[PDB]
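Given as structure tokens, the chain that follows is alone and in the form deposited in one PDB entry.
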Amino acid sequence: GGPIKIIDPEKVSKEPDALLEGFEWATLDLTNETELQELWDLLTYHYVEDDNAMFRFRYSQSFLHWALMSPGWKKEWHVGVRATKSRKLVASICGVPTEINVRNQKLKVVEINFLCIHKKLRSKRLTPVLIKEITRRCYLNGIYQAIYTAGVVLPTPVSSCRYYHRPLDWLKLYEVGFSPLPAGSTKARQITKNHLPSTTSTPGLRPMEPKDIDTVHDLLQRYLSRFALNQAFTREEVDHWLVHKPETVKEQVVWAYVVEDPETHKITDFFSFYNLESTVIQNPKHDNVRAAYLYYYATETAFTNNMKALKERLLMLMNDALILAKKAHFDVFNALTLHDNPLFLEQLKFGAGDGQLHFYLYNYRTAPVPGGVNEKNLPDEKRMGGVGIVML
């Protein structure tokens, strides 16, 4: 595979394309509290399909710092559009840089996300204008490839992964209309089905500490390198994305845990998940769903190439993840069919969700990579080894 087109950054326009009359380009300064608040307010009410949505996200300053101010981040890649007259921020699109491996070719990219347009400015084709502009700002700044996910069907997805959801408080998820009641099932039966143990099982499980950064970085690298398409974290990335900083982060976003071998004291596994809350719109019983999203993990057992051993170790580790998330008062535990997730999603009672998240690469062509599912969109242990990157 390889790039699709070569960019000459000296021929890249120094000025952005036209916007709809009455709007103007903005660069968001997320270090400025009022501008951070502007992005948050736009996302809170407008990062939603339309007025009919039953859920919106609840962002926090902590989440936005974690998502958008990762190592190498640039304010030029926090793109906004404002209404000229009111100054209101009406759209956004963001990138942060990272390195990925695409079938053994190292690639500097940006990960693009937080594309969002004010509900009242939809269907005006501002989206391609936002994409072309952040593209322009990346081209000017060293970067000619990007990686991103979307639910929308765009050409040539590099992979597609199915959504899965493990009920931690099933009743709440039923009451807000997310989890169905099967059959001749009953609420009590679904509550029993989802009941978790109160204590973890993996010997040596403990919260990750900053002293674990190096060994987690190394383990994660060796583990992800096994996947056709994967993220090549630096040490700084591990510190940013994986180590909660209670001094400086007001509302914890990442939960990370390691397994310190009881005999060797070497860390032999870790996993992590992040918190992104959903607002429940006008439900008289609940107004939020606390969702945990499975993030990165790794285990020394993978390197034996013994799939039965690996399944066994992941079943233990991920059930401990659920137990920890439940103890932490999360209501649901979300994951995709990427990594070795098909080894454990179904058995740990993750429910299959609707449709697929697609992964794309911009300006890079490679054979599609297996996304953890077969052609029937069912988790398949023969269709892993493909997607070794997750995105928030």
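Quick note: we count residues from 1 along the sequence shown, nothing fancier. Take the two forms, find the largest set of C-alpha atoms that superpose within 1.5 Å, and that set is the rigid core.
A second form of this protein, the form deposited in another entry, is not displayed here; the remarks below concern that form.
- Rigid core superposed between the shown form and the other one, residues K349, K326, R56, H358 considered: the one with a C-alpha shift of 2 Å or more is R56.
- In the other form, the Cα-Cα separation between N52 and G353 shrinks by 3 Å or more relative to the displayed conformation.
- Relative to this conformation, a decrease of 3 Å or more in the Cα-Cα distance between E49 and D331 is found in the other form.
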